[PDB]
Amino acid sequence: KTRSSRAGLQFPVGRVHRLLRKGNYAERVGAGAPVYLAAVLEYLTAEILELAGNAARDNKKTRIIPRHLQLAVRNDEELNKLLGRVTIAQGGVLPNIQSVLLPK
Amino acid sequence: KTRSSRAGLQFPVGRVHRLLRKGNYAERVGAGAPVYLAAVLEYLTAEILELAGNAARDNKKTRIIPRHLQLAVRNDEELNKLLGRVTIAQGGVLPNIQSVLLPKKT
Amino acid sequence: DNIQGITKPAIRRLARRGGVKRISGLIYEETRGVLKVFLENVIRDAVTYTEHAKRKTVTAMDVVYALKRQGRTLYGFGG
Amino acid sequence: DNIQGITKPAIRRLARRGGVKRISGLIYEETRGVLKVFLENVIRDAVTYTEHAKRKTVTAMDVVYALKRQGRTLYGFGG
Amino acid sequence: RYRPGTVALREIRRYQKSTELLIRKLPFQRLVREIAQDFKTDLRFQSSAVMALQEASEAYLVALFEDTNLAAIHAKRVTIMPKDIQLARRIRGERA
Amino acid sequence: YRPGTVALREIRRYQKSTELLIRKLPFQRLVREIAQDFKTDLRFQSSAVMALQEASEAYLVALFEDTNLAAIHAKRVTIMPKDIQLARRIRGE
Amino acid sequence: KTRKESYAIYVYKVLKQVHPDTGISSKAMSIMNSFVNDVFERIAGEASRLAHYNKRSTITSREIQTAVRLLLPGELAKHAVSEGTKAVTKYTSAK
Amino acid sequence: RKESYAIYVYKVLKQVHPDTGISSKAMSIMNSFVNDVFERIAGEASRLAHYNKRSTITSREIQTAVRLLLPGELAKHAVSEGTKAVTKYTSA
DNA sequence: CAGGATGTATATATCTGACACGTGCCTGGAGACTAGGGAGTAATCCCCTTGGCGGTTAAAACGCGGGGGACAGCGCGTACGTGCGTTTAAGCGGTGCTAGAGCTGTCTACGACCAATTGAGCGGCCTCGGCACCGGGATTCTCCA
DNA sequence: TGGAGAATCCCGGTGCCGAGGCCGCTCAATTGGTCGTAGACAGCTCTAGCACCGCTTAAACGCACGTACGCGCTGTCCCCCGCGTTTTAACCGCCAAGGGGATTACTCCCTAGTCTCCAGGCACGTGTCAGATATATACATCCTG
């Protein structure tokens, strides 16, 4: 009878409430705030993993590689806006050429 | 009796301790932390105000306006890189001219 | 036309304070668009900063907090 | 002279990753300088992070906290 | 008659030692109300709210114009052009 | 003997793949040289310098992208150090 | 003999819910866990300071909703707002 | 009851420059500056205490945060003021 | 180089609005004393870091032709710089009104907190299949005679 | 431009080691009750934010003329790239020594908490004087000679 079952989310609600409580963010934590935070974290995880699995499908591997995660977040525009100041380890860069660099 | 007089400072030790308590930075706060923060605010305030007073002095003015604070901040390369992402209202910019714009053969 | 309310000599003055000598003719509406997207990014944060407070009047305080959120914190208006 | 251990084709490989075709012969000392000053900017913060913990070994955790200080945060070692 | 390029350079110093606001207050106020009406209707603004909004606006404007000036200098030119603005907002990371 | 297309092949190869570019032990000892300046006889985790290498060269290739854009803006294809101080001052360091 | 908490199994369940045939590597698993930890810290810190800005000692769902609207770009922000809102009314409709 | 640090830096200005005054806009800027430094230093000390699983913030975290987020000579003279103040305070 | 033409710096008269200083008061900081739990300190141990040997070879160092790009010089045509007449809207002052910020009183529902209960979650272990890698053949692919 | 040769893609086979599921324990999540106070709601106040009108005045706008500067073209030379040859330091693998990070246990003292008191800091009022405004004058550049 976990709270994540009645919240409908696979992400933990009690763990998020525990980290919100002794994380000294505030002295009082509401009831719907951990389930809202867990829902947003669920959505962001799903948004990462959907294009990660899609890039794995174009790369014809069934394992998520940090290169696949980097290609997922850098090819998607608001995902790159959210993740502009992070660097992904073993992820590389997008393959791009400036138009004046090609010969002829 | 005043803890700032006990620490020999002008900034309030008790007020810094109060906003450290209610600023929910930790569950508990020590005794040397508010006097250390008061000494740091002492020194940084003295350093900005000294160059601000010098910038007022060579402008022959006995009043500190934000242009003097802007001149004090950007002249020295320590507090300028401390707060390089900070804009000051009524501040202006340091007079800087790139050398390729001046006319030659004059 | 209200975006064009800020004008050619005002843009030329702001660029001149920025230390430029010669300005091309295609500069002005480009920096008009730059100012428009900058005020979009600031005002979009500020409007929900007022909206959370059960408030419908934008103060100077939440503008300072929005500019602190974009890493361009501004002094002289409290905070 | 172990700064020279970052070697002549290492800058070339990093520039080919960066999408640069032709590079100058005087570019190497300058990027060695910028890599050196970046490393003393990050490593010093990691050293004080280690020093506060009464520790004399540098983990990767305080390394990524020092990266988090400069707005250059890293994923894959903060677990 | 002045040589073209020296009275502008003269009033460079006049606007560079100065500190007041370059843009007029009323068109900026009307522009701010226009762009803030789209997020939520019938808003109200404090007097210092639009005064603080202009401060960062011209601060960002002249911080960008420093950048476009010394980006157009590097291309062996004097006139600033819109591709130096693209260069400034690209290297700063504000565009991509 | 192709005149200039080896460099484009190297560009495509290195942007396609994602291994570590800077050679390991010279970097691992350069970390030791810089760390001796702050506190002597410092021990280092292997994963610490493993994270530091991917921290350093990601910044390096972002910088190289920036001076590539500066060199293209200067109507050239060869990067000079003037593009490097362009990138550093304009981006904010 | 130690204990270290992580979100490996939860994003595993999310991954098998959205892609029921794709696996994940351990390095990518740590990248995933560090990403969700970083954005959790970001939203929690913004909600904390936003509650401090309104002299409120309680973090309700409104603070999380406002911090989500601040830290996320537009259609992603309102999609996350919709997911959070439907989660709150789903939890409130149930006991 | 609006809370501010005006008269403290007024005594600081009088003991560092006894023949000048300060405007009200510069007063707002100085108050915002000292508040921004307070928030930065206290937040760094907060997450530094959290990083080591310590619930108490003492002068050690404040000193290390000062060494972290201030530049070199500024931080060196800042800790030179801070430990001298903590030794003057702990002696009485 | 040398003499007019202006824009900028320097010197009084003054005047006004912001700034320095005095006053009450009240709320927030200080004095004193206790509880307890969080930090300090010590002993153990075992993982993980440091150091060394030695074979191997990929990679770095070096040298040399050559070609193509950086850079200097020159011509041009146009697009901004500068000045002047004119319109126009910003700025300032006044009035007037009301929507909406700010604060005080209540109470109640929501959240902290503790005891009892238990099952999801995490360390250890084991297995097999996705994937890295080697090798031969087909497929582009780019330079030239 | 066909084609010689070089790089690349692809398919088949192999072998490996880390994903991924199972199992046992455990401690953190869940449930139930209490009780304390944070904020939701109403209502009163009052203040500053639109809303409009009139003057005035310096800023903006349109236009005329010019010139210098950005851009296109050409020559040159030099310096970096491609490639062959030589060397050298990184990589892999393995083996010990021990160092200190982490764990657990026991104490102690330091800070939260509470009560009482009093004085420092803030709102407000008011002189007062230093920067703003105006007028007159020297002078430091630029423009053409």
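Those sequence lines, one after another, are chains G, C, F, B, E, A, H and D.
Numbering of the first sequence is given in the deposited numbering, commencing with residue 16 and proceeding in unit increments.
Numbering of the second sequence is given in the deposited numbering, commencing with residue 16 and proceeding in unit increments.
Numbering of the third sequence is given in the deposited numbering, commencing with residue 25 and proceeding in unit increments.
Numbering of the fourth sequence is given in the deposited numbering, commencing with residue 25 and proceeding in unit increments.
Numbering of the fifth sequence is given in the deposited numbering, commencing with residue 41 and proceeding in unit increments.
Numbering of the sixth sequence is given in the deposited numbering, commencing with residue 42 and proceeding in unit increments.
Numbering of the seventh sequence is given in the deposited numbering, commencing with residue 29 and proceeding in unit increments.
Numbering of the eighth sequence is given in the deposited numbering, commencing with residue 31 and proceeding in unit increments.
Note that beta-carbon positions come from the ideal geometry of N, C-alpha and C, so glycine has one too.
query: Any non-hydrogen atom of the ligand NAP closer than 7 Å to residue 109(A) Cβ; result: Summarising the ligand content, the structure contains no ligands, and the ligand NAP is consequently not present.
query: Close beta carbons around residue 99(H), own chain, < 7 Å, minus the five adjacent residues each side; result: 70, 71 and 74
query: Residues of the segment 99-111 of chain C whose Cβ lies closer than 9 Å to any Cβ of chain E, in chain order; result: 102, 103, 104, 105, 106, 107, 108, 109, 110 and 111
query: Cutoff 8 Å: residue 83(F) Cβ touching any chain D Cβ; result: no
query: Under 9 Å by beta carbon: chain C residues contacting residue 106(D); result: Chain C residues near residue 106(D): none, gap ~11 Å exceeds 9 Å.
query: At least three beta-carbon pairs within less than 8 Å, the segment 54-61 of chain G to the segment 32-42 of chain H; result: yes
query: Where residue 43(G) falls: helix, strand or coil (DSSP); result: strand
query: Rounded distance between the beta-carbons of residue 71(C) and residue 77(C), thought under 8 Å; result: 7 Å
query: Stretch pair the segment 75-90 of chain A + the segment 65-78 of chain B: three plus CB contacts closer than 8 Å; result: yes
query: Neighbourhood of residue 92(D) by C-beta distance below 8 Å, restricted to the same chain and skipping five residues each side; result: 71, 75 and 112
query: Local conformation of residue 59(C) per DSSP, three classes; result: helix
query: C-beta contact flag for residue 100(A) and residue 62(B) at 8 Å; result: yes
query: Those residues which DSSP pairs with residue 98(F) across a bridge; result: 102(C)
query: DSSP bridge partner residues for residue 46(F) (one or two, in chain order); result: 119(E)
query: Residues in the segment 56-72 of chain A having any Cβ partner in chain B nearer than 8 Å; result: 56, 62, 63, 64, 66, 67, 68, 70, 71 and 72
query: Contact set between residue 41(G) and chain C, taken where Cβ atoms lie within less than 9 Å; result: 39
query: Where residue 86(D) sits in the DSSP three-state scheme; result: strand
query: Rounded separation between residue 48(H) and residue 23(G) - CA only; result: 19 Å
query: Spatial neighbours of residue 61(A) in its chain, beta-carbon cut-off 8 Å, leaving aside the 5 residues before and after; result: 94, 95 and 98
query: Through-space distance from residue 34(G) to residue 31(H), alpha-carbon basis; result: 16 Å
query: Closer than 8 Å to chain F by CB, residue 116(C); result: yes
query: Test: residue 183(E) CB closer than 8 Å to a CB of chain A; result: No answer is possible for residue 183(E): the residues shown for chain E start at 41 and end at 136.
query: Beta bridge counterpart(s) of residue 51(D) as assigned by DSSP; result: 78(C)
query: Beta carbon proximity, residue 30(C) to chain E, threshold 8 Å; result: no
query: Candidates 83(D), 50(D), 86(D) and 59(D), of which the one nearest residue 98(C) by Cα; result: 59(D)
query: Neighbour-count burial assignment, residue 95(F), 16 or more Cβ in a 10 Å radius; result: exposed
query: Rounded separation between residue 16(C) and residue 40(C) - CA only; result: 27 Å
query: Test item: CB-CB of residue 34(B) and residue 70(A) under 8 Å; result: no
query: Selection from 114(G), 68(G), 91(G) and 82(G) that minimises the alpha carbon distance to residue 113(A); result: 114(G)
query: Per-residue contacts from residue 77(B) into chain D (C-beta, under 9 Å); result: 81 and 82
query: Reduced DSSP secondary structure (H/G/I, E/B, other) of residue 81(B); result: strand
query: Short Cβ contact (8 Å threshold) for residue 102(E) with residue 108(C); result: yes
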